[PDB]
Amino acid sequence: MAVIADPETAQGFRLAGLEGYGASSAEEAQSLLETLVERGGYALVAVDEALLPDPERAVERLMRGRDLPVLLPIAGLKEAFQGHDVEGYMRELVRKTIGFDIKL
Amino acid sequence: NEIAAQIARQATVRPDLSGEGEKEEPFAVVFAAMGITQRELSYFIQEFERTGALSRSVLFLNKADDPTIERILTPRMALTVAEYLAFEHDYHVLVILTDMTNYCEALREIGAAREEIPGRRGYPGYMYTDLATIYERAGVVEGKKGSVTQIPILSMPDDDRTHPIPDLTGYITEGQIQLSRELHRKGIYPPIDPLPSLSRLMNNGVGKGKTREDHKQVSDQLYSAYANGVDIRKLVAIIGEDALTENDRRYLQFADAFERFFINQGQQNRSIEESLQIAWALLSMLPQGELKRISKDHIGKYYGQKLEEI
Amino acid sequence: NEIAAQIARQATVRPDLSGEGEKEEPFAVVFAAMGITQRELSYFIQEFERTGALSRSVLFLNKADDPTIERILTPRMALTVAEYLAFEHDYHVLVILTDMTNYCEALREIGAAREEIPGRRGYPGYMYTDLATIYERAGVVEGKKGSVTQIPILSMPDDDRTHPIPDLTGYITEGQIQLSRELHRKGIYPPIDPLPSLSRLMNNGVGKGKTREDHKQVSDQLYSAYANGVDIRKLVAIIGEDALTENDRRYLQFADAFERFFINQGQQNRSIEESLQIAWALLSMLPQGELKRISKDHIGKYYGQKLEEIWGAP
Amino acid sequence: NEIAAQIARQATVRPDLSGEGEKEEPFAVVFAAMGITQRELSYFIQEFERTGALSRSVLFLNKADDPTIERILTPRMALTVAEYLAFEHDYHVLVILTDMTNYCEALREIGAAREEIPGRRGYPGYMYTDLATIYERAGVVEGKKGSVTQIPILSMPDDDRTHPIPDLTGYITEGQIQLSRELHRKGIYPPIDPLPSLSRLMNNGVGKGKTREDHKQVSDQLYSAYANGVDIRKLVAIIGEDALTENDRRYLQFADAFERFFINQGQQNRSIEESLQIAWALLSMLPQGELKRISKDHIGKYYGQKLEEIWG
Amino acid sequence: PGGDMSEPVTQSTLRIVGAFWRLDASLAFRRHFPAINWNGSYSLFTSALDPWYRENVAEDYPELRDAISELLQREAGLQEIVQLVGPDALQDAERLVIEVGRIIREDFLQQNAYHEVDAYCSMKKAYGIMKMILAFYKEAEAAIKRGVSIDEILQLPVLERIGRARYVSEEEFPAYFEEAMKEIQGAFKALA
Amino acid sequence: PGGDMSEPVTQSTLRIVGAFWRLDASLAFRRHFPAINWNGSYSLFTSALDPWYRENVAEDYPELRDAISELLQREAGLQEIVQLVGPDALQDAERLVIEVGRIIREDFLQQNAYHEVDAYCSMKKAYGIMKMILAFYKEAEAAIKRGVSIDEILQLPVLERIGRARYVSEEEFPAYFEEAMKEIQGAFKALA
Amino acid sequence: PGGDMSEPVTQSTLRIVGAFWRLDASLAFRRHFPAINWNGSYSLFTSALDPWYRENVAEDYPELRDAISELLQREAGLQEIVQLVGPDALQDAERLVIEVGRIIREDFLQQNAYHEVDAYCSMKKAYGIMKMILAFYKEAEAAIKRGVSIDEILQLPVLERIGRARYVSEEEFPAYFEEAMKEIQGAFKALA
Amino acid sequence: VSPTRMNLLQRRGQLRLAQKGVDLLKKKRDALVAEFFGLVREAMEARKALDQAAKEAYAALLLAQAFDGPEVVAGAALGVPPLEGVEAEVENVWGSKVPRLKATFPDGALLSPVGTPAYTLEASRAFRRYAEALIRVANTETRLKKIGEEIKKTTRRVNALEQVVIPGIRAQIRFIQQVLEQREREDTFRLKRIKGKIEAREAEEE
């Protein structure tokens, strides 16, 4: 697979043998993500939430008819150490795919 | 009926804005009720009494239990009185025919009694000619100060605009005002839907010396913007996405504010200046990036209003 | 025609259920046939003679090539005989009228022959009144022990219930029993579809002291459960068997077994107790407590039996 | 009118295919026009002049501004001439009745003036018999060289095939050629859609020793494949093209290639062999095993050719 | 007139005939012949003729005919959903029913009145074709329940044999029928 | 003829009658009686009858009636959302308005024609029930603003008081209404 | 009556007229005038006038007219796919076709009979507008093939010149057309 | 379309089929919504597990970088061969294919477990289980997104039916009914005329 996050997280993922890229800003990470998608060897690309909140803005530029190289946002290790907002993410996801603000 | 009563109460000449500024010419309302119930009759009598509009009014009131021929003769009497007043005493007469559907039902009954050749849905084949002999009596005559104006209210059966009654009436009259049932469901009064409504003589009745100079351009812009909002909200239903281009959301908000403030006016007697002020306040769209259907330099004179109401 | 013959040779009164035990209450069937073919005539004669049901029946058989005035007069003769028997000899009379569509067509033709201008949809403008004068001769009279019961049989011309004949018949009569073409072509006889069927006077003739304390609730539960089974049968075609909940699969099984055993009676003569037993066995396929239209008392008294009446022990 | 003029210009028998192998005289044309406008009349006159067929064509012209009751006599006189020529002078006569809708209009006018008990849409109840007395005058007679072939033209009012005029005409004649407005709007000429069309005498004239051994089976296979393509178009109108299988995609491609190549031909004159090879090139787009209506012999003999091999 | 079956002559005929063979222009346009509208047709002689069928065709002929009619009814019921969501939205069993229905329509109900062999068909040949089709249907449903795909089932050459069955002459039909039944059993044993 | 309001008799009738009480069998199926469908039903006599209501039952009656109608309208407008997802997953304010709509349906619109007391209801008794319902809605809206759970409100002892309100006799209703308006205020005051 | 084109007068008229200018209520309601239903309308004089159009307007005028009609046909066809799948989920070429069809409608087919300039349009002005639209379409198609996103194509200021072309007086139009041609060239040259 | 009684019956049948299809699609959407609301809870569980795994992985990274030089851990990351042995089987959900990820993560890529620095093994195992938990989260998210897209598609179909198919069929039905009723009215008028003429021509002739 592949991971796009801060260089610390990229090094940590390379420590487990996974492709990693260190990026500080959204444009750099998206630019390298386009080339990574063009490579297509890895079946999954992980991108930091504080780096790219919505990687869906880049998923569809390439891989127009194919979805095998799936991608998803992830909480970066800096904020993951503090804590990830699971419930807010779930609410925004259900709103994004349904759109009715239905919870509890 | 409520809209008819409101128009009868509120209708005025407005000669002060006119280029030929003068003391108001005599104005009168001839009201013809056809096939009306006792409840509606009480409503109309109370409405005309409570505001003194009865003094400048003549009422012809045919009840639902009256003989059917009197419903045929009622618009004849009303228009005879209107023509007499307007073209022999220079009155500006406004004529209101409460329900032409009842008149057409009476005409169908009479025609079937005479065993005439039928029509599209049992109505007489000559119904167009009869409705024309009623409606064509309105107008303005060269060399005479008076005028006759007709507002025939009719109930479209099953809201079908292709029914013979509204079809022939539209074939005769210069436009139509169509009430929307959806706007009625949303609690808006008067529930006039501007998209299917049309005034044929409008384009030569507004401008300099009549209303205000920006009237036609403002109307064109309002129609264009409301149409854009409606065609955005219709595409939203098919697409099922609130997430859309930013400028589209400006028109959806514009459409909602338009329906809730401009169309929804209750019993308010808005002047043409007040209505134009409300319209310009509603024109909170971009001065040039939007508001581009009609080219106008009246933006520098009227734009920038901040929706403030009274 | 087969259902008409079966009802004619199976219909009976049950004075023992009312507690009267009065078999002295006579029963007769008046059978009026209108516009029938020689095939149908032979079938009816054979059916009435082979079982001995003729001995309590009067047959007014009008053939398709007989005069149409005879077709118009046939239900009048049948109802005159029925009224005479019921209200002068205390007979319980069942009158079967096949086919009312033929009668309406004969009425239309005779009206056209008398140069009468037809009314709505090309039928006579007085067809409602004529059908009323035919149908409303059934009833029960205060002070008399007889009765007249009518089962008109009419073929909807294009399976259209908006057609004047079924429409006016629905206006005049108390409900209808609708045969189903999809049930018929699946091999189920009699092909009676319970969902569009309705008996408007049913709730007055069932219950404690008449049929049984559980009849109405069992009927309601059967109706609701069959409707659920049918719509789940439609849904399972797209979403698949396993995607349904367990109770949805139970509803599927219930609908299948219902069509197999309750509706698909064949030429059996089932007493009301047999039919109620079969209904309870079918409802026992559904979990206890899912039967919401039925009181807990009846559930405790009757729930639990399994399908043995029709398969395994006929 | 263009299709009728083209047929009159190009129509010919093929004695070499029928084994007769002899030179044949051209058709004599009897042209009966009822309520024809000046545009259509000028078009027909100019076409017959350009093709040189006026010298062997009898013309009965009833204009749109001519009295309408003459339209009752016009086709009867035209067919009297046609029958005389064919069955007493061995002429092969092609009869074109330019608009039978106007004839039925005149018939309705006369019937309503007489208060005849009408059929549907106010046309007289004897309209079937009256149209039959005109149509049934065509045919071939035993022991006679000549023949009468009728190609009436009628305009269905609102493209309604169930209208009384086309309905009775279809009940009388041996099939019909129906034009499609959808094909015309696509720019396809001639806009003949084959599914509502029909020829009842087609079996008599085709087959081994007449045109070719594969004619009937090729026609049946074309009909089946085009019907499948139309059904798949209706399905695409719901599920979208990308949701199709590859076989439905093949049938869709066959349908639109059929419309654009087999039907759309312009003013060119195609021999039956040209049309048959175009049909086989179209059928080669489909899998070989799906030509269920064609015998394996014809498939082996003719399957494989490509449209681009016929024309560059 | 116009194909309007609600016309008084057709309605008057409905009420006196024991069989009704309704034609539809939809099948005639497709050149599917005899073009009998199965849904709109009926016969009131099926019950009375059963003893003759048992004595003269086969003892199980009425059951086989009823099974074929039930398959056609199921296909008609599933077409309501097919016209709604497309044939690919169905499960394998329902899509198998659809495919068996079109197989029935194409190589049992079709009959070329001009083909020298197909123009006539004896009762025993129709019985054999029905038996072949229903044997294929039972084996295909069994294979579906064991996980075989429907698109795998549709490629069997025994389907081609079933389709070509109707063009086999009456004299040599029994051998063809026995061979095809053996082929059905062997193909759905080998292909699971 | 089959419930089609577009037929000529219904169209002619609705053009002259002042009220339409669209009795519905769906409500009767769900044991809602008198089974009047509050949607698709109307009355044109409210505006003219308003002064009589203000004089004879209470001055606030038209506004209270409008409030009840608005609660019913909101319940109707949330029906598609509560259909797509169950009421438990619904938002808290939407849950509250759904529950108050149910309360209205069960305790004000419902009426037992065979009950020895509930068969008849005076104008003042209906006014008292409506005022109790709006007091409950005001208090519950405030409490939801201040963070109590909807499932706590849905179990308050005042709910059975409001339910039993319509079963009290006419002469006993005034004191019952007074003490119930005391109890509801006290209960919602006690909550956090 | 009721806009029904099947009524006897319309149908008896269509048999004799050479041109059929079908107006549409849907276009008239939305103020899209002249409101000609270009799909339902037809003319039988189009072919016979071609030599005059070639001699008096432009040698290639019939080809421009045919290309405009083909673009309208493609747009009308793609409207169904737009309504089925949604305009978002179809390729940029089809979006370009849709937008070019919209441009054709609103800037060439629409005409204000009350505008002091737009009320009349000469043949050469119409030919110039058609040339503008088709040049823009071909250049935008090349840009789409060149990897340019349709978003910036739709944002080009040249669309304003194209839209305002019809309000240019007959005297000024020959120079406005030249500058519009040069601007169309320069804009899609500037995309690089 | 041709207005006839048979065509009117066909239109009524099509209307009934459309209404039944609306009901069927609503039932399908109900099933889809139940599955979707199960999957949302499952994905919430997966995301919480991912949160914990990321927490411990970052803690291990920080501790390793404190107790070992950045060059050493970078060289250890270089030394391990990349775990590129990944694949996604095409899981089929509701007739739609989705890629379902699975990772082998062979332990043969671990170099000298007893020779590595003190916290390199802990960081390696923490990041390995973190990566596989991330793959679990990705599987949950793709399945949930596919179910949501299917729900949106069913909603599109239901809305399209109920809004433009059924009303159009109803309008066609009423149009055909009006045409048939008009033809019947014309027939009645003609019958009246001919009855009057029968009576008149009999009356004067006697």
# chains A, B, ... in the order shown; residues from 1 in each chain; ligands from 1

call {"tool": "residues_around", "arguments": {"residues": "residue E:166", "least_positions_apart": "4", "cutoff": "9 Å", "atoms": "only C-alpha atoms", "output": "PyMOL selection string"}}
result
chain E and resi 107-108+110-111+117-118+121+125-126+129+162

call {"tool": "write_last_selection", "arguments": {"atoms": "C-alpha atoms", "output": "PDB file, in the first residue's frame"}}
result
ATOM      1  CA  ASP E 107     -38.246 -23.348 -29.579  1.00  0.00           C
ATOM      2  CA  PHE E 108     -41.605 -24.760 -28.457  1.00  0.00           C
ATOM      3  CA  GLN E 110     -42.594 -20.896 -32.463  1.00  0.00           C
ATOM      4  CA  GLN E 111     -43.565 -22.907 -35.520  1.00  0.00           C
ATOM      5  CA  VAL E 117     -40.687 -30.126 -41.259  1.00  0.00           C
ATOM      6  CA  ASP E 118     -41.743 -27.521 -38.694  1.00  0.00           C
ATOM      7  CA  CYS E 121     -46.030 -31.335 -35.184  1.00  0.00           C
ATOM      8  CA  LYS E 125     -43.158 -34.616 -30.630  1.00  0.00           C
ATOM      9  CA  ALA E 126     -44.542 -31.733 -28.565  1.00  0.00           C
ATOM     10  CA  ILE E 129     -39.921 -31.187 -26.549  1.00  0.00           C
ATOM     11  CA  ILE E 162     -33.177 -28.297 -27.637  1.00  0.00           C
TER      12      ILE E 162
END

call {"tool": "select_by_dssp", "arguments": {"residues": "stretch 58-292 of chain C", "states": "helix (DSSP H, G or I)", "output": "mmCIF file with C-alpha atoms, in the first residue's frame"}}
result
data_model
loop_
_atom_site.group_PDB
_atom_site.id
_atom_site.type_symbol
_atom_site.label_atom_id
_atom_site.label_comp_id
_atom_site.auth_asym_id
_atom_site.auth_seq_id
_atom_site.Cartn_x
_atom_site.Cartn_y
_atom_site.Cartn_z
ATOM 1 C CA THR C 68 -82.957 -13.088 -25.714
ATOM 2 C CA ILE C 69 -86.340 -12.293 -24.163
ATOM 3 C CA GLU C 70 -86.120 -15.712 -22.519
ATOM 4 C CA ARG C 71 -82.713 -14.673 -21.182
ATOM 5 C CA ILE C 72 -84.265 -11.525 -19.718
ATOM 6 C CA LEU C 73 -87.116 -13.524 -18.172
ATOM 7 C CA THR C 74 -84.918 -16.296 -16.732
ATOM 8 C CA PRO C 75 -83.723 -14.507 -13.550
ATOM 9 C CA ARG C 76 -87.294 -13.307 -13.006
ATOM 10 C CA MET C 77 -88.549 -16.903 -13.062
ATOM 11 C CA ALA C 78 -85.733 -18.078 -10.799
ATOM 12 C CA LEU C 79 -86.301 -15.309 -8.261
ATOM 13 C CA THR C 80 -90.068 -15.841 -8.338
ATOM 14 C CA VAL C 81 -89.541 -19.501 -7.448
ATOM 15 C CA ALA C 82 -86.972 -18.576 -4.796
ATOM 16 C CA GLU C 83 -89.249 -15.988 -3.180
ATOM 17 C CA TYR C 84 -92.187 -18.395 -3.249
ATOM 18 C CA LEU C 85 -90.227 -21.189 -1.572
ATOM 19 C CA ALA C 86 -88.505 -18.964 0.986
ATOM 20 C CA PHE C 87 -91.436 -16.811 2.094
ATOM 21 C CA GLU C 88 -94.228 -19.378 1.749
ATOM 22 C CA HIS C 89 -92.546 -22.611 2.901
ATOM 23 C CA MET C 100 -75.073 -11.722 -15.440
ATOM 24 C CA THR C 101 -72.865 -10.365 -18.234
ATOM 25 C CA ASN C 102 -74.975 -12.352 -20.699
ATOM 26 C CA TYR C 103 -78.109 -10.912 -19.104
ATOM 27 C CA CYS C 104 -76.763 -7.370 -19.442
ATOM 28 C CA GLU C 105 -75.891 -7.959 -23.097
ATOM 29 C CA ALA C 106 -79.387 -9.327 -23.736
ATOM 30 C CA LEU C 107 -80.863 -6.262 -22.026
ATOM 31 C CA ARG C 108 -78.691 -4.019 -24.207
ATOM 32 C CA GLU C 109 -79.805 -5.800 -27.377
ATOM 33 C CA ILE C 110 -83.495 -5.714 -26.437
ATOM 34 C CA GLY C 111 -83.250 -2.020 -25.607
ATOM 35 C CA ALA C 112 -81.660 -1.392 -28.995
ATOM 36 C CA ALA C 113 -84.436 -3.405 -30.657
ATOM 37 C CA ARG C 120 -73.487 5.469 -20.303
ATOM 38 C CA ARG C 121 -70.976 3.266 -22.160
ATOM 39 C CA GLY C 122 -73.595 2.055 -24.646
ATOM 40 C CA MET C 127 -79.506 -0.899 -16.347
ATOM 41 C CA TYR C 128 -78.871 0.094 -12.728
ATOM 42 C CA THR C 129 -82.583 -0.094 -11.921
ATOM 43 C CA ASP C 130 -83.040 -3.413 -13.737
ATOM 44 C CA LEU C 131 -80.056 -4.968 -11.969
ATOM 45 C CA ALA C 132 -81.455 -3.599 -8.707
ATOM 46 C CA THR C 133 -84.867 -5.166 -9.326
ATOM 47 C CA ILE C 134 -83.030 -8.450 -9.843
ATOM 48 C CA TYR C 135 -80.558 -8.301 -6.948
ATOM 49 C CA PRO C 164 -70.591 -0.788 -16.216
ATOM 50 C CA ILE C 165 -71.749 -4.321 -15.363
ATOM 51 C CA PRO C 166 -69.320 -5.044 -12.477
ATOM 52 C CA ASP C 167 -69.461 -1.387 -11.415
ATOM 53 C CA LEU C 168 -73.239 -1.307 -10.976
ATOM 54 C CA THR C 169 -73.183 -4.800 -9.470
ATOM 55 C CA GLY C 170 -70.721 -3.531 -6.873
ATOM 56 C CA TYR C 171 -72.990 -0.553 -6.257
ATOM 57 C CA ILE C 172 -75.956 -2.845 -5.568
ATOM 58 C CA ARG C 181 -56.178 -15.576 -13.367
ATOM 59 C CA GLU C 182 -52.658 -15.848 -11.955
ATOM 60 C CA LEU C 183 -53.880 -18.339 -9.352
ATOM 61 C CA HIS C 184 -55.744 -20.250 -12.062
ATOM 62 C CA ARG C 185 -52.733 -20.516 -14.364
ATOM 63 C CA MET C 202 -69.526 -11.056 6.987
ATOM 64 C CA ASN C 203 -69.023 -9.495 10.420
ATOM 65 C CA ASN C 204 -72.731 -9.908 11.211
ATOM 66 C CA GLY C 205 -72.870 -13.655 10.517
ATOM 67 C CA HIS C 215 -63.628 -16.653 13.182
ATOM 68 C CA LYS C 216 -63.287 -12.893 12.649
ATOM 69 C CA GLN C 217 -59.810 -12.591 14.160
ATOM 70 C CA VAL C 218 -58.561 -15.633 12.244
ATOM 71 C CA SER C 219 -59.862 -14.108 9.008
ATOM 72 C CA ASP C 220 -58.173 -10.769 9.737
ATOM 73 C CA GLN C 221 -54.858 -12.407 10.625
ATOM 74 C CA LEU C 222 -54.994 -14.591 7.514
ATOM 75 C CA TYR C 223 -55.613 -11.541 5.334
ATOM 76 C CA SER C 224 -52.755 -9.513 6.809
ATOM 77 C CA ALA C 225 -50.306 -12.428 6.796
ATOM 78 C CA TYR C 226 -51.130 -13.327 3.192
ATOM 79 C CA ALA C 227 -50.637 -9.721 2.078
ATOM 80 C CA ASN C 228 -47.248 -9.663 3.811
ATOM 81 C CA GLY C 229 -46.302 -12.983 2.240
ATOM 82 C CA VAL C 230 -47.239 -11.756 -1.233
ATOM 83 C CA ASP C 231 -45.268 -8.522 -1.065
ATOM 84 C CA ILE C 232 -42.260 -10.337 0.416
ATOM 85 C CA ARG C 233 -42.564 -12.831 -2.456
ATOM 86 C CA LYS C 234 -42.249 -9.887 -4.820
ATOM 87 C CA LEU C 235 -39.268 -8.478 -2.892
ATOM 88 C CA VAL C 236 -37.318 -11.750 -2.637
ATOM 89 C CA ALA C 237 -37.031 -11.878 -6.430
ATOM 90 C CA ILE C 238 -34.645 -8.904 -6.385
ATOM 91 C CA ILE C 239 -33.043 -8.973 -2.928
ATOM 92 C CA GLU C 246 -36.087 -14.889 9.482
ATOM 93 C CA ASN C 247 -39.707 -13.826 9.972
ATOM 94 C CA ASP C 248 -39.759 -12.654 6.350
ATOM 95 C CA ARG C 249 -38.774 -16.168 5.282
ATOM 96 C CA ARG C 250 -41.534 -17.445 7.562
ATOM 97 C CA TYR C 251 -43.992 -15.160 5.756
ATOM 98 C CA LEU C 252 -42.741 -16.524 2.425
ATOM 99 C CA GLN C 253 -43.342 -20.079 3.620
ATOM 100 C CA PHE C 254 -46.754 -19.093 4.975
ATOM 101 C CA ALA C 255 -47.862 -17.581 1.671
ATOM 102 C CA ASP C 256 -46.653 -20.620 -0.269
ATOM 103 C CA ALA C 257 -48.391 -23.072 2.074
ATOM 104 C CA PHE C 258 -51.510 -20.887 2.127
ATOM 105 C CA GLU C 259 -51.841 -20.993 -1.651
ATOM 106 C CA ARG C 260 -50.978 -24.701 -1.641
ATOM 107 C CA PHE C 261 -53.481 -25.872 0.978
ATOM 108 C CA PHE C 262 -56.071 -23.238 1.937
ATOM 109 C CA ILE C 263 -56.939 -21.844 -1.497
ATOM 110 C CA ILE C 272 -66.168 -24.570 8.553
ATOM 111 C CA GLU C 273 -64.395 -26.440 11.354
ATOM 112 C CA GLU C 274 -62.066 -28.097 8.833
ATOM 113 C CA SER C 275 -61.318 -24.731 7.228
ATOM 114 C CA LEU C 276 -60.652 -23.125 10.614
ATOM 115 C CA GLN C 277 -58.357 -26.020 11.549
ATOM 116 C CA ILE C 278 -56.411 -25.577 8.305
ATOM 117 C CA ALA C 279 -56.209 -21.826 8.910
ATOM 118 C CA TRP C 280 -54.874 -22.366 12.433
ATOM 119 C CA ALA C 281 -52.331 -24.898 11.164
ATOM 120 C CA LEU C 282 -51.155 -22.335 8.606
ATOM 121 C CA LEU C 283 -50.979 -19.585 11.236
#

call {"tool": "residues_around", "arguments": {"residues": "residue C:148", "least_positions_apart": "4", "cutoff": "8 Å", "atoms": "only C-alpha atoms", "output": "PyMOL selection string"}}
result
chain C and resi 82-83+86+92-95+137-140

call {"tool": "residues_around", "arguments": {"residues": "residue H:50", "least_positions_apart": "3", "cutoff": "9 Å", "atoms": "only C-alpha atoms", "output": "VMD selection string"}}
result
chain H and resid 45 to 47 53 to 55 130 to 131 133 to 134 136 to 137

call {"tool": "interface_residues", "arguments": {"of": "chain E", "to": "chain C", "cutoff": "7 Å", "atoms": "only C-alpha atoms", "output": "list in words"}}
result
residues 16, 69, 70, 73, 89, 90, 91 and 94 of chain E

call {"tool": "residues_around", "arguments": {"residues": "residue E:95", "least_positions_apart": "5", "cutoff": "12 Å", "atoms": "only C-alpha atoms", "output": "list in words"}}
result
residues 237, 238 and 240 of chain C; 74, 75, 78, 79, 81, 82, 86, 87, 88, 89, 90, 100, 101, 102, 137, 140, 141, 144, 149, 150, 151, 153 and 154 of chain E

call {"tool": "write_last_selection", "arguments": {"atoms": "N, CA and C atoms", "output": "tab-separated table (two decimals), in the first residue's frame"}}
result
chain	number	residue	atom	x	y	z
C	237	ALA	N	-37.52	-11.66	-5.07
C	237	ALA	CA	-37.03	-11.88	-6.43
C	237	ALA	C	-35.82	-11.00	-6.74
C	238	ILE	N	-35.77	-9.80	-6.17
C	238	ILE	CA	-34.65	-8.90	-6.38
C	238	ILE	C	-33.62	-9.01	-5.27
C	240	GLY	N	-33.16	-11.42	-2.95
C	240	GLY	CA	-32.68	-12.75	-2.64
C	240	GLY	C	-33.27	-13.31	-1.36
E	74	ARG	N	-44.99	-17.87	-14.20
E	74	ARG	CA	-43.92	-17.30	-13.39
E	74	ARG	C	-43.09	-16.31	-14.18
E	75	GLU	N	-42.81	-16.62	-15.45
E	75	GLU	CA	-42.08	-15.68	-16.30
E	75	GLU	C	-42.88	-14.39	-16.49
E	78	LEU	N	-42.50	-12.36	-13.36
E	78	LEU	CA	-41.17	-11.77	-13.22
E	78	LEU	C	-40.90	-10.69	-14.26
E	79	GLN	N	-41.62	-10.69	-15.38
E	79	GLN	CA	-41.41	-9.63	-16.36
E	79	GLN	C	-41.81	-8.27	-15.82
E	81	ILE	N	-41.03	-7.15	-12.97
E	81	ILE	CA	-39.83	-6.64	-12.33
E	81	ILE	C	-38.72	-6.42	-13.35
E	82	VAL	N	-38.66	-7.27	-14.37
E	82	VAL	CA	-37.63	-7.11	-15.40
E	82	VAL	C	-37.79	-5.78	-16.12
E	86	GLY	N	-34.49	-4.19	-14.93
E	86	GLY	CA	-33.62	-4.89	-15.84
E	86	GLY	C	-33.41	-6.34	-15.45
E	87	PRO	N	-33.06	-7.18	-16.42
E	87	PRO	CA	-32.92	-8.62	-16.13
E	87	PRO	C	-31.72	-8.96	-15.26
E	88	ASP	N	-30.70	-8.09	-15.19
E	88	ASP	CA	-29.52	-8.40	-14.40
E	88	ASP	C	-29.73	-8.17	-12.91
E	89	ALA	N	-30.78	-7.44	-12.52
E	89	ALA	CA	-31.06	-7.21	-11.11
E	89	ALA	C	-31.70	-8.40	-10.43
E	90	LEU	N	-32.10	-9.42	-11.18
E	90	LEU	CA	-32.75	-10.58	-10.60
E	90	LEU	C	-31.72	-11.54	-10.01
E	100	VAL	N	-35.51	-19.79	-19.18
E	100	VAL	CA	-36.29	-20.96	-19.58
E	100	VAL	C	-37.57	-20.53	-20.26
E	101	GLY	N	-38.18	-19.43	-19.82
E	101	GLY	CA	-39.36	-18.92	-20.49
E	101	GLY	C	-39.08	-18.51	-21.92
E	102	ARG	N	-37.97	-17.80	-22.15
E	102	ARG	CA	-37.67	-17.41	-23.53
E	102	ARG	C	-37.26	-18.62	-24.37
E	137	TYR	N	-34.69	-27.66	-17.28
E	137	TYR	CA	-35.00	-26.69	-16.23
E	137	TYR	C	-34.72	-27.26	-14.85
E	140	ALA	N	-30.96	-27.49	-14.39
E	140	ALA	CA	-30.37	-26.17	-14.25
E	140	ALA	C	-30.66	-25.57	-12.88
E	141	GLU	N	-31.87	-25.77	-12.36
E	141	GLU	CA	-32.18	-25.28	-11.02
E	141	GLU	C	-31.35	-26.01	-9.97
E	144	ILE	N	-27.98	-24.54	-10.12
E	144	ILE	CA	-28.00	-23.22	-9.50
E	144	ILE	C	-27.89	-23.35	-7.99
E	149	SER	N	-23.07	-20.86	-12.12
E	149	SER	CA	-23.59	-19.61	-12.63
E	149	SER	C	-24.56	-19.84	-13.78
E	150	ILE	N	-25.51	-18.91	-13.94
E	150	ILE	CA	-26.49	-19.03	-15.01
E	150	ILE	C	-25.83	-18.80	-16.37
E	151	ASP	N	-24.89	-17.84	-16.45
E	151	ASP	CA	-24.18	-17.62	-17.70
E	151	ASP	C	-23.34	-18.82	-18.10
E	153	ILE	N	-24.51	-21.89	-17.47
E	153	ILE	CA	-25.55	-22.81	-17.92
E	153	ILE	C	-25.96	-22.49	-19.36
E	154	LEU	N	-26.03	-21.21	-19.70
E	154	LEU	CA	-26.55	-20.80	-21.00
E	154	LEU	C	-25.64	-21.17	-22.16

call {"tool": "closest_residue", "arguments": {"among": "G:83, G:26, G:169, G:46", "to": "chain D", "atoms": "only C-alpha atoms"}}
result
G:83

call {"tool": "closest_residue", "arguments": {"among": "D:155, D:162, D:176, D:295", "to": "chain H", "atoms": "only C-alpha atoms"}}
result
D:162
